[PDB]
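**Student:** Provided hereafter are the protein sequence and its experimental coordinates.
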Amino acid sequence: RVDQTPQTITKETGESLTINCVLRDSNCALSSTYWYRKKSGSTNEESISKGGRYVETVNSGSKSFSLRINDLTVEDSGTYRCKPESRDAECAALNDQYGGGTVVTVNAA
């Protein structure tokens, strides 16, 4: 199970936010990690390219990974989710588990 927190975030333009995910109840190693977002109202789930304003931090030992997004704009509003992937029947079945989502609101400032 992927525990993603918080469930909602509201920030002003220019601020930053951090989402945290932890893979629990699994024997699987945290090998690879992915982040996705669907812009508010949109159909399209987009992959998030790590780097720049999107700063991922990983702790392999605790199977925790977080995304800090800096310099927020209105266009960052959306639903975000995380997904681990493992290199074991169970671990093929970690590349099917996602975090439960974070609704992000960034207000014009």
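**Tutor:** Structure received. Numbers count the residues shown, from 1 in each chain.
**Student:** Contact partners for the most centrally placed residue in the chain?
**Tutor:** The centre of the chain sits closest to residue 82, judged by C-alpha atoms, centre = their mean, with a distance of 3.6 Å. Each residue near residue 82 by C-beta atoms under 8 Å, 6 or more residues apart in numbering is listed here: 2, 4, 19, 21, 33-36, 65, 67, 98-99. To be clear about C-beta, it is placed using only N, CA and C from the backbone, and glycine gets the same treatment.
**Student:** same thing with residue 64?
**Tutor:** Contacts of residue 64 by C-beta under 8 Å, 6+ apart are 20-23, 30, 58.
**Student:** which two from those end up farthest apart in space?
**Tutor:** 20 and 30 (13.2 Å; C-beta to C-beta).
**Student:** And the helices in this protein?
**Tutor:** Using DSSP state H, the helices of the chain run over residues 89-92.
**Student:** Now do the strands in it.
**Tutor:** 2-5, 8-12, 17-23, 32-39, 45-47, 54-59, 64-69, 78-85, 102-107 (DSSP state E).
**Student:** Need those in a markdown table (columns: distance to residue 91).
**Tutor:** Formatted as a markdown table, the strands of the chain follow (distance: least, C-beta to C-beta, whole Å):
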| stretch | distance to residue 91 |
| --- | --- |
| strand 2-5 | 14 |
| strand 8-12 | 30 |
| strand 17-23 | 11 |
| strand 32-39 | 11 |
| strand 45-47 | 22 |
| strand 54-59 | 17 |
| strand 64-69 | 17 |
| strand 78-85 | 9 |
| strand 102-107 | 25 |
